[PDB]
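Residue numbers (the deposited numbering), protein chains in the order written: chain A, 299 to 348; chain B, 1142 to 1195, 1208 to 1263, 1280 to 1290; chain C, 696 to 744; chain D, 44 to 67, 81 to 100, 102 to 162; chain E, 10 to 125; chain F, 795 to 844; chain G, 222 to 242, 252 to 460; chain H, 520 to 698.
Ideal placement from N, C-alpha and C gives every residue a C-beta, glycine not left out.
Here's the structure we're looking at; comments come further down.
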Ligand SMILES: [Zn+2]
Ligand SMILES: [Zn+2]
């Protein structure tokens, strides 16, 4: 459909990027449908207790 | 750390202290009253000094004494910095160092009303 | 009990000393120390006492 | 205790008497008024009986009391035919009660 | 001294100072209106850098009925001659360096205030 | 670092009177722990000990 | 922080601040406006076209020229807006959703000056004469704190604090939980009048909104909904 | 530390009341209402402020504060929680009736005496034998609930004898006394 592909990849981008960084500035955090945001790969090793 | 003879006497160390601290006009000035005195010999005020020195708006600026002395300044240097900072676009007419009030007078010479306020700030 | 008297006398002399500093400043005779305002020379005399 | 009693006695009849009436093709009125509250009861296969706080504490219940309001529905349409089919005491929810308040057993 | 705001007479808006470039005088014209009224102060803006304020101008006389404010009987009033007077310090922010006291007569219909 | 500050309007507690710079009115505890502290200076001693 | 009395509208805070520095311009930081608007613009939006009349609301003694020359700098600032209508267009041009037509923008700046800012003084049809007095009092009290005639307020004074006990703590919940169930009986009247059938409310009243919102926040401690508990 | 606190033993947190019988009273004293006032008459007149709302102007604030206070000491129009603050230096009377204001009870002191006289102690010793209680001390006009924004204009004595006796004067204008 050469127009929906654009939205498909925009949402693919959102998912593949919040997999490795859940905190983005100005971007909705990927939450689980319990209501809690995810622990991306960057958070598994970010700060203290990484 | 003071060097020579200034290191001993508190008097000759005090003018070093004056030669290092930042004094602007606001520390020595007391009252700034702009005026539209048109004829410079007319002088809406009691001052016989202009009449010995000779734009219609001035800045009568009356200075302070116990602030002018505690830094030891004379009106010649204020008058000189006052035209060296703004060049020859102004004409300060200072008082003498005998009178009781320490009045300066500025006048422009060469949206004109607010300009004495703009340069007095 | 002689020490108690010595102490009560020192403390009363001190409360008395700060009253005179307060009088002096209330009548404008506490001249500022050169380097301090009035409320700082006052507070310094008081804390010294 | 005074803060809670004032919540129950005024602030609930104030939150609900000032929420605006909802409407929606013809449209209706649906107005709320005059709330009531009862004492904490349990089975209200069982029969409604008062829960005592120590029984509520031992069975891991929640010492609460159920709230009722009286809603007048006015659905009104063409031909100028409205009915205030008013629903008395409609259950709204259960409100938990502070022990040894004016509304505790 | 000072200059006040002097308001227009037609639109009751604020009059600006404006120099009359023909007769050599100082005017006050408006922006919304065309109202020219003739000045008299011949002073435009004044500025107290010392910010010299007299506190006796700010003292209201109503302070004397303040239960929480110390009372003397050693300074009597000068208009009436009452014995009671309240006294307080400048009570102002921006108190430069002064712990000077101010007195008010504690007698109704007098409210005379003075400084020693 | 200063004496007890004017927390009410121009006084340190409501017991004192406006503009009281004296020793007792600004925090100078003049008892000892053996005699015990007066009520106002119990409070000022607590403000200090906080 | 202006608030009315446990209204479904929360607290809404003005700010009549003064800039550091012409110098000495007073601004206003109204709610639901992103930028700030000089105050004389607000007094004209509230409807005072004259300049003396704004000033009688701000300065009660016209006899001390001390406070006159402090509000001149902001009185010169908005000499470009003089009637009410261009004044609303100034504020209305700044909202969160600025209206594409002018008339949308004046309908905005008239609605925020009657319900968003200073509600406690009144949210009626005509209350500008007492929102004007209470605004001029806020400016006046700012000018007293700048002229140094009055001491600044201490944030720690317990006279400036209120405690929320188990009463308001719960009436803050029971407002949101009572709005959620009017959003539920709404959709349930909707899916049901549009079939053209008739709708019943016994099944529209979702009882698990109160009974479980209370029991949830009183159980975890999070004072909100479960969907936004972080 | 310092963020979590605790009430003192006799603190009462006020639960809140409606400002409408106050607004109605003040109207029929000599107030002047804010919308029928000439802006030239706020200069020498105290501004009245019920619950944060500037509703009114009054030309005589030594009769309001004494009437408002008599009227709380009887528990009739003003309930006992309401607090009237009179700022002398700026001309403002502020009346709060809202909730959440923490307050505490203080004995009242009229000239230099307390109002708590030996009758009340004896009647109060014979409580639980009939029915005399704290509410009669409040209704009779002996104790008062003063709170923190109003506590800034009381002149409070700490013990009653010893601070209301006669020496070189400390204040001699006490207005309350602590229990
Ligand atoms: Zn005009
Ligand atoms: Zn007198």
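- For residue 1252/B, no Cβ of chain E is located within less than 8 Å of the residue's own Cβ.
- Residue 285/G carries a helical assignment under DSSP once its states are collapsed to helix, strand and coil.
- Between residue 141/D and residue 130/D, the gap from beta carbon to beta carbon is short of 8 Å.
- Residue environment analysis places residue 695/H among the buried positions, since at least 16 neighbouring C-beta atoms fall within 10 angstroms of its C-beta.
- The three-state reading of DSSP puts residue 627/H in strand, counting E and B together.
- Three or more pairs of CB atoms, one per stretch, sit closer than 8 Å, so the segment 528-542 of chain H contacts the segment 605-621 of chain H.
- Sequence-distant partners of residue 85/D (beyond 5 residues in either direction) whose C-beta falls short of 6 Å from its own C-beta, in its chain, are 64, 131.
- Proximity of the beta carbon of residue 84/E to ligand 2 is not indicated: no heavy atom of the ligand is located closer than 7 Å.
- Here residue 530/H carries a coil assignment [DSSP, helix/strand/coil].
- At a threshold of 7 Å, residue 19/E counts as near ligand 1, since its beta carbon sits closer than that to one of the ligand's heavy atoms.
- By the rule that beta-carbons nearer than 8 Å mark a contact, residue 158/D does not touch chain H.
- For the segment 435-446 of chain G, the beta-carbon criterion of a distance under 7 Å to any beta-carbon of chain D is satisfied by 435, 437, 439, 440, 441, 444, 445.
- Between ligand 2 and the CB of residue 577/H, the shortest heavy atom gap is not smaller than 7 Å.
- If you check each beta-carbon in the segment 63-80 of chain E against every beta-carbon of chain F, the ones closer than 7 Å belong to 77, 78, 79.
- Secondary structure of residue 439/G (DSSP, three-state): coil.
- Within 7 Å of the C-beta of residue 88/E there is at least one heavy atom belonging to ligand 2.
- Within chain H, the C-beta atoms nearer than 9 Å to that of residue 844/F come from 520, 521, in chain order.
- Between the segment 805-817 of chain F and the segment 63-81 of chain E, the count of C-beta pairs closer than 8 Å reaches three or more; the two stretches touch.
- Residue burial is scored here from C-beta neighbours: residue 1142/B has fewer than 16 other C-beta atoms within 10 angstroms and is therefore classed as exposed.
- Taking 7 Å as the upper bound on Cβ-Cβ separation, chain G lies near residues 571, 572, 573 of the segment 571-600 of chain H.
- Residue burial is scored here from C-beta neighbours: residue 287/G has at least 16 other C-beta atoms within 10 angstroms and is therefore classed as buried.
- Annotation note: the segment 641-695 of chain H contains the following uninterrupted beta strand (DSSP E) runs of length 3 or greater, listed N- to C-terminal: 662-666.
- In the three-state reduction of the DSSP assignment, residue 267/G falls in the strand class.
- For residue 1168/B, same chain residues with a beta-carbon under 7 Å away, outside a window of 5 residues either side, are 1220 in chain order.
- A Cβ-Cβ distance of about 6 Å is found for the pair residue 122/D and residue 93/D, placing them in contact under the 8 Å criterion.
- By the neighbour-count definition (other C-beta atoms within 10 Å, threshold 16), residue 549/H is an exposed residue.
- Rounded to the nearest angstrom, the gap between the Cα atoms of residue 312/A and residue 460/G is 22 Å.
- The continuous beta strand (DSSP E) containing residue 602/H extends over residues 602-606.
- Residue 94/D is outside the set of residues whose beta carbon lies under 8 Å from a beta carbon in chain G.
- Each residue's CA atom was taken as its position, placing residue 1257/B and residue 1282/B some 19 Å apart.
- The beta-carbon separation of residue 295/G and residue 252/G, rounded to 18 Å, does not stay under the 8 Å limit for a contact.
- In the three-state reduction of the DSSP assignment, residue 53/E falls in the coil class.
- The straight-line gap separating the alpha-carbon atoms of residue 630/H and residue 90/E is approximately 24 Å.
- Counting along the chain, the unbroken beta strand (DSSP E) around residue 150/D starts and ends at 140-153.
- In the same chain as residue 1260/B, and ignoring 5 residues on each side of it, the C-beta atoms closer than 6 Å to its own belong to 1208, 1211, 1244, in chain order.
- The residue from 1165/B, 1190/B, 1232/B, 1215/B with its alpha-carbon nearest to that of residue 1175/B is 1215/B.
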